[PDB]
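Trainee: Got a structure for you, protein.cif, holding mmCIF, N, CA and C atoms.
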data_entry
loop_
_atom_site.label_atom_id
_atom_site.label_comp_id
_atom_site.auth_asym_id
_atom_site.auth_seq_id
_atom_site.Cartn_x
_atom_site.Cartn_y
_atom_site.Cartn_z
N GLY J 1 16.44 25.48 16.53
CA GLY J 1 16.54 25.35 15.01
C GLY J 1 15.33 24.94 14.23
N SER J 2 15.52 24.58 12.99
CA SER J 2 14.35 24.17 12.16
C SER J 2 13.53 23.12 12.91
N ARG J 3 12.23 23.19 12.81
CA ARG J 3 11.37 22.20 13.52
C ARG J 3 10.88 21.15 12.52
N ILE J 4 11.70 20.79 11.57
CA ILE J 4 11.28 19.78 10.57
C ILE J 4 10.95 18.46 11.27
N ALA J 5 9.87 17.83 10.91
CA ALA J 5 9.50 16.54 11.56
C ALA J 5 10.35 15.42 10.97
N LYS J 6 10.06 14.19 11.31
CA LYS J 6 10.86 13.06 10.76
C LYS J 6 10.40 12.76 9.33
N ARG J 7 10.97 13.43 8.36
CA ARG J 7 10.57 13.19 6.95
C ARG J 7 10.69 11.70 6.63
N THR J 8 10.09 11.26 5.56
CA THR J 8 10.17 9.81 5.19
C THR J 8 9.30 8.99 6.13
N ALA J 9 8.51 9.63 6.95
CA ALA J 9 7.63 8.88 7.89
C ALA J 9 6.77 7.88 7.12
N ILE J 10 5.82 7.27 7.78
CA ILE J 10 4.95 6.27 7.09
C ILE J 10 3.55 6.84 6.90
N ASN J 11 3.35 7.64 5.89
CA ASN J 11 2.00 8.22 5.65
C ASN J 11 1.11 7.17 4.98
N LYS J 12 0.08 6.72 5.66
CA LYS J 12 -0.82 5.70 5.06
C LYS J 12 0.00 4.49 4.58
N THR J 13 1.23 4.37 5.01
CA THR J 13 2.06 3.22 4.57
C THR J 13 1.87 2.98 3.07
N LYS J 14 2.33 1.87 2.57
CA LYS J 14 2.16 1.56 1.13
C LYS J 14 0.98 0.61 0.97
N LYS J 15 0.92 -0.40 1.80
CA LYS J 15 -0.21 -1.37 1.73
C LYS J 15 -1.50 -0.64 2.10
N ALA J 16 -1.46 0.19 3.11
CA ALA J 16 -2.68 0.93 3.51
C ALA J 16 -2.72 2.27 2.77
N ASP J 17 -2.01 2.37 1.68
CA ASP J 17 -2.00 3.64 0.90
C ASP J 17 -3.36 3.83 0.23
N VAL J 18 -4.01 2.76 -0.15
CA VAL J 18 -5.34 2.89 -0.80
C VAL J 18 -6.43 2.46 0.18
N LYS J 19 -6.07 1.79 1.24
CA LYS J 19 -7.10 1.37 2.22
C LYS J 19 -7.38 2.55 3.15
N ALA J 20 -6.37 3.32 3.43
CA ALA J 20 -6.55 4.52 4.29
C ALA J 20 -7.45 5.49 3.55
N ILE J 21 -7.21 5.69 2.29
CA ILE J 21 -8.07 6.62 1.51
C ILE J 21 -9.54 6.31 1.78
N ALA J 22 -9.85 5.12 2.22
CA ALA J 22 -11.27 4.77 2.49
C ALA J 22 -11.63 5.05 3.96
N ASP J 23 -10.92 4.47 4.89
CA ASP J 23 -11.25 4.71 6.33
C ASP J 23 -10.38 5.85 6.89
N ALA J 24 -9.85 6.70 6.05
CA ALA J 24 -8.96 7.80 6.55
C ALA J 24 -9.70 9.12 6.77
N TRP J 25 -10.42 9.58 5.80
CA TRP J 25 -11.09 10.90 5.94
C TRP J 25 -12.56 10.72 6.33
N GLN J 26 -13.46 11.54 5.85
CA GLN J 26 -14.89 11.39 6.24
C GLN J 26 -15.46 10.07 5.70
N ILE J 27 -15.21 8.99 6.39
CA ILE J 27 -15.74 7.67 5.95
C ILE J 27 -16.73 7.18 7.01
N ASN J 28 -16.57 7.65 8.22
CA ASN J 28 -17.49 7.24 9.32
C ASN J 28 -17.54 8.35 10.37
N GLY J 29 -16.41 8.82 10.80
CA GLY J 29 -16.39 9.89 11.82
C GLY J 29 -15.58 9.42 13.03
N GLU J 30 -15.58 8.14 13.28
CA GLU J 30 -14.82 7.61 14.43
C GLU J 30 -13.73 6.67 13.92
N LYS J 31 -13.95 6.03 12.81
CA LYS J 31 -12.93 5.11 12.26
C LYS J 31 -11.90 5.92 11.47
N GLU J 32 -12.29 7.06 10.97
CA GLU J 32 -11.32 7.90 10.21
C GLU J 32 -10.44 8.67 11.19
N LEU J 33 -11.01 9.13 12.28
CA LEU J 33 -10.20 9.88 13.27
C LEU J 33 -9.03 9.00 13.72
N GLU J 34 -9.24 7.71 13.79
CA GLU J 34 -8.16 6.79 14.22
C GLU J 34 -6.99 6.86 13.23
N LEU J 35 -7.24 6.61 11.97
CA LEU J 35 -6.14 6.65 10.98
C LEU J 35 -5.32 7.92 11.17
N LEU J 36 -5.94 9.06 11.07
CA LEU J 36 -5.18 10.32 11.24
C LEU J 36 -4.69 10.42 12.68
N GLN J 37 -5.31 9.71 13.58
CA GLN J 37 -4.85 9.75 14.99
C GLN J 37 -3.41 9.25 15.05
N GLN J 38 -2.95 8.65 13.99
CA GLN J 38 -1.55 8.15 13.97
C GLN J 38 -1.01 8.30 12.55
N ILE J 39 -1.59 9.16 11.74
CA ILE J 39 -1.08 9.31 10.35
C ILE J 39 -0.64 10.75 10.04
N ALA J 40 -1.35 11.75 10.49
CA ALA J 40 -0.92 13.15 10.17
C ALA J 40 0.25 13.51 11.06
N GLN J 41 0.58 12.63 11.95
CA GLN J 41 1.70 12.89 12.88
C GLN J 41 2.89 12.06 12.43
N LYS J 42 2.65 11.11 11.58
CA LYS J 42 3.77 10.28 11.07
C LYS J 42 3.65 10.06 9.55
N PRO J 43 3.17 11.06 8.83
CA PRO J 43 3.03 10.95 7.37
C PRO J 43 4.40 11.02 6.69
N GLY J 44 4.93 12.20 6.53
CA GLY J 44 6.25 12.33 5.86
C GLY J 44 6.14 11.80 4.43
N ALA J 45 4.94 11.59 3.96
CA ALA J 45 4.78 11.07 2.58
C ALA J 45 3.44 11.51 1.96
N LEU J 46 2.61 12.24 2.67
CA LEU J 46 1.32 12.67 2.06
C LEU J 46 1.61 13.20 0.66
N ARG J 47 2.03 14.44 0.56
CA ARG J 47 2.36 15.08 -0.76
C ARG J 47 1.95 14.20 -1.94
N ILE J 48 2.70 13.16 -2.21
CA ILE J 48 2.36 12.26 -3.35
C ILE J 48 0.84 12.04 -3.41
N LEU J 49 0.27 11.42 -2.41
CA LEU J 49 -1.20 11.18 -2.43
C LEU J 49 -1.94 12.43 -1.96
N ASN J 50 -1.29 13.30 -1.24
CA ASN J 50 -1.97 14.53 -0.75
C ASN J 50 -2.47 15.35 -1.93
N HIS J 51 -1.79 15.27 -3.04
CA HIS J 51 -2.23 16.05 -4.24
C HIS J 51 -3.74 15.94 -4.36
N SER J 52 -4.29 14.84 -3.93
CA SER J 52 -5.75 14.66 -4.00
C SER J 52 -6.27 14.21 -2.63
N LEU J 53 -5.38 13.98 -1.70
CA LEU J 53 -5.83 13.54 -0.35
C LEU J 53 -6.16 14.77 0.49
N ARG J 54 -5.80 15.93 0.02
CA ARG J 54 -6.13 17.17 0.77
C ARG J 54 -7.66 17.23 0.90
N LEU J 55 -8.35 16.48 0.08
CA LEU J 55 -9.84 16.45 0.13
C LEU J 55 -10.29 15.83 1.45
N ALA J 56 -9.55 14.86 1.93
CA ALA J 56 -9.89 14.17 3.21
C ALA J 56 -10.57 15.16 4.16
N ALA J 57 -10.16 16.40 4.14
CA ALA J 57 -10.78 17.42 5.02
C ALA J 57 -11.72 18.30 4.19
N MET J 58 -11.38 18.53 2.95
CA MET J 58 -12.24 19.38 2.08
C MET J 58 -13.57 18.65 1.82
N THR J 59 -14.57 18.93 2.60
CA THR J 59 -15.89 18.26 2.39
C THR J 59 -16.80 19.20 1.60
N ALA J 60 -16.23 20.13 0.88
CA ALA J 60 -17.06 21.08 0.09
C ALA J 60 -16.66 21.02 -1.39
N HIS J 61 -15.74 20.15 -1.73
CA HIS J 61 -15.28 20.02 -3.15
C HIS J 61 -16.43 20.31 -4.11
N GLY J 62 -16.59 21.54 -4.49
CA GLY J 62 -17.70 21.92 -5.42
C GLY J 62 -17.32 21.53 -6.85
N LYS J 63 -17.54 20.30 -7.22
CA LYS J 63 -17.21 19.86 -8.61
C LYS J 63 -17.45 18.36 -8.73
N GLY J 64 -17.09 17.60 -7.74
CA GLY J 64 -17.30 16.13 -7.80
C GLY J 64 -16.92 15.49 -6.46
N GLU J 65 -17.89 15.12 -5.68
CA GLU J 65 -17.58 14.49 -4.36
C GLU J 65 -18.80 13.73 -3.86
N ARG J 66 -18.63 12.48 -3.50
CA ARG J 66 -19.79 11.68 -3.00
C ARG J 66 -20.11 12.09 -1.56
N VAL J 67 -20.68 11.19 -0.80
CA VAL J 67 -21.02 11.53 0.61
C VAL J 67 -21.00 10.25 1.46
N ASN J 68 -19.83 9.71 1.70
CA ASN J 68 -19.74 8.47 2.51
C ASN J 68 -18.36 7.83 2.31
N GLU J 69 -18.19 6.61 2.72
CA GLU J 69 -16.87 5.94 2.54
C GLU J 69 -16.42 6.11 1.08
N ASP J 70 -17.35 6.18 0.17
CA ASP J 70 -16.97 6.35 -1.26
C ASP J 70 -16.45 7.77 -1.46
N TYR J 71 -17.17 8.75 -0.95
CA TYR J 71 -16.73 10.18 -1.08
C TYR J 71 -15.21 10.25 -1.15
N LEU J 72 -14.56 9.64 -0.22
CA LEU J 72 -13.09 9.68 -0.20
C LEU J 72 -12.53 9.41 -1.58
N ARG J 73 -12.84 8.29 -2.12
CA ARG J 73 -12.30 7.98 -3.48
C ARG J 73 -12.86 8.99 -4.48
N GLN J 74 -14.11 9.30 -4.40
CA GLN J 74 -14.68 10.29 -5.36
C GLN J 74 -14.07 11.66 -5.09
N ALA J 75 -13.32 11.77 -4.04
CA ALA J 75 -12.69 13.06 -3.68
C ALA J 75 -11.27 13.08 -4.27
N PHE J 76 -10.47 12.13 -3.89
CA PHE J 76 -9.08 12.05 -4.39
C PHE J 76 -9.00 11.04 -5.56
N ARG J 77 -10.06 10.86 -6.28
CA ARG J 77 -10.02 9.88 -7.42
C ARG J 77 -10.99 10.32 -8.52
N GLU J 78 -12.16 10.75 -8.15
CA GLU J 78 -13.15 11.19 -9.17
C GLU J 78 -12.48 12.16 -10.15
N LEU J 79 -11.41 12.79 -9.73
CA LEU J 79 -10.71 13.75 -10.63
C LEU J 79 -9.58 13.04 -11.37
N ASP J 80 -8.50 12.73 -10.69
CA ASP J 80 -7.36 12.06 -11.38
C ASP J 80 -6.12 12.02 -10.49
N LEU J 81 -5.82 13.11 -9.85
CA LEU J 81 -4.61 13.17 -9.00
C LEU J 81 -3.41 13.47 -9.88
N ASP J 82 -3.43 14.59 -10.55
CA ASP J 82 -2.28 14.96 -11.42
C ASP J 82 -2.39 16.41 -11.89
N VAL J 83 -3.58 16.92 -12.04
CA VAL J 83 -3.74 18.33 -12.49
C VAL J 83 -5.09 18.89 -12.03
N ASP J 84 -6.12 18.10 -12.11
CA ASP J 84 -7.47 18.59 -11.69
C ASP J 84 -7.44 18.95 -10.20
N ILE J 85 -6.73 18.19 -9.41
CA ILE J 85 -6.67 18.49 -7.95
C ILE J 85 -5.51 19.45 -7.69
N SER J 86 -4.77 19.80 -8.71
CA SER J 86 -3.63 20.74 -8.51
C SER J 86 -4.17 22.13 -8.17
N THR J 87 -3.48 23.17 -8.58
CA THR J 87 -3.97 24.54 -8.29
C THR J 87 -4.65 25.07 -9.55
N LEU J 88 -4.92 24.21 -10.48
CA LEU J 88 -5.54 24.64 -11.75
C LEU J 88 -6.90 23.96 -11.91
N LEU J 89 -7.96 24.72 -11.90
CA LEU J 89 -9.31 24.11 -12.05
C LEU J 89 -10.22 25.06 -12.84
N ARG J 90 -10.56 26.18 -12.28
CA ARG J 90 -11.44 27.14 -13.00
C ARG J 90 -10.86 27.45 -14.39
N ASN J 91 -11.40 28.43 -15.06
CA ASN J 91 -10.89 28.78 -16.41
C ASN J 91 -9.57 29.54 -16.27
#
So that I can check it, write out the structure of this file as structure tokens.

Mentor:
Amino acid sequence: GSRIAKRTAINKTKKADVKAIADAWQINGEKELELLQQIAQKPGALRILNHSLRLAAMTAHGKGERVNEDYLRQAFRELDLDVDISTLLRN
């Protein structure tokens, strides 16, 4: 049957919801792999933050993106997380 995972999982938890955004994606290379080493398998909640957390892997964001632990925030924050990171950007 359907292979739906355990929805409602703990994606970046709530307390680590903004701390993961820092050590979660390209923040170091070994400390970020750990977070996802136990987060993309038990998220069930990205979507909400994924709207702009999809950047965690998008290291080419041609519009606004830093290059380091900050990049993450400048990736899923430099924009807004409501429409700029949606599917609407160009003209």

Trainee: Could you tell me which residues the PyMOL selection byres ((chain J and resi 61-72) around 7) returns for this structure, as an MDAnalysis selection string?

Mentor: chainID J and resid 21:23 25:28 55:56 58:60 73:79

Trainee: Using DSSP secondary structure from the backbone, list all alpha helix (DSSP H) positions within chain J, as a PyMOL selection string.

Mentor: chain J and resi 20-23+31-37+46-53+69-76

Trainee: When distances are computed from only C-alpha atoms, which of J:81, J:57, J:20, J:4 shows the smallest separation from residue 39 (chain J)?

Mentor: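 Closest to residue 39 (chain J) of all the choices is J:20.
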
Trainee: Taking only C-alpha atoms into account, which of J:12, J:35, J:87, J:30 comes nearest residue 51 (chain J)?

Mentor: J:87

Trainee: Using all atoms listed in the file for the distances, tell me which of J:11, J:86, J:91, J:52 is nearest to residue 40 (chain J).

Mentor: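 Of all the options, J:11 lies closest to residue 40 (chain J).
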
Trainee: Using the chain letters and numbering of this document, enumerate as a ChimeraX atom specification the residues selected by the PyMOL selection byres (((chain J and resi 7 and name CA) around 8) and name CA).

Mentor: /J:4-6,8-9,43-45

Trainee: Compile the contact shell of residue 24 (chain J) as a PyMOL selection string: residues with an atom at most 6 Å away, counting only N, CA and C atoms, same-chain residues fewer than 5 positions apart removed.

Mentor: chain J and resi 19+31-33+35-36

Trainee: What does the distance from atom C of residue 88 (chain J) to CA of residue 48 (chain J) come to in Å, to one decimal?

Mentor: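 Separation between atom C of residue 88 (chain J) and CA of residue 48 (chain J): 17.2 Å.
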
Trainee: Work out how far CA of residue 15 (chain J) is from CA of residue 42 (chain J), in Å to one decimal.

Mentor: 15.5 Å

Trainee: If you take every atom of region 58-66 of chain J that the file lists and fit an axis-aligned box around them with 5 Å extra on each side, what centre and edge lengths come out in Å to one decimal, as lines of an AutoDock Vina configuration file?

Mentor:
center_x = -15.7
center_y = 16.8
center_z = -2.9
size_x = 18.7
size_y = 20.2
size_z = 21.7

Trainee: Measure the distance from CA of residue 85 (chain J) to CA of residue 34 (chain J) in Å and round it to one decimal.

Mentor: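 Answer for the CA of residue 85 (chain J) to CA of residue 34 (chain J) separation: 25.1 Å.
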
Trainee: I need the residue nearest residue 10 (chain J) from this list: J:83, J:49, J:89, J:38. Use all atoms listed in the file for the distance.

Mentor: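 Nearest candidate to residue 10 (chain J) out of J:83, J:49, J:89, J:38: J:38.
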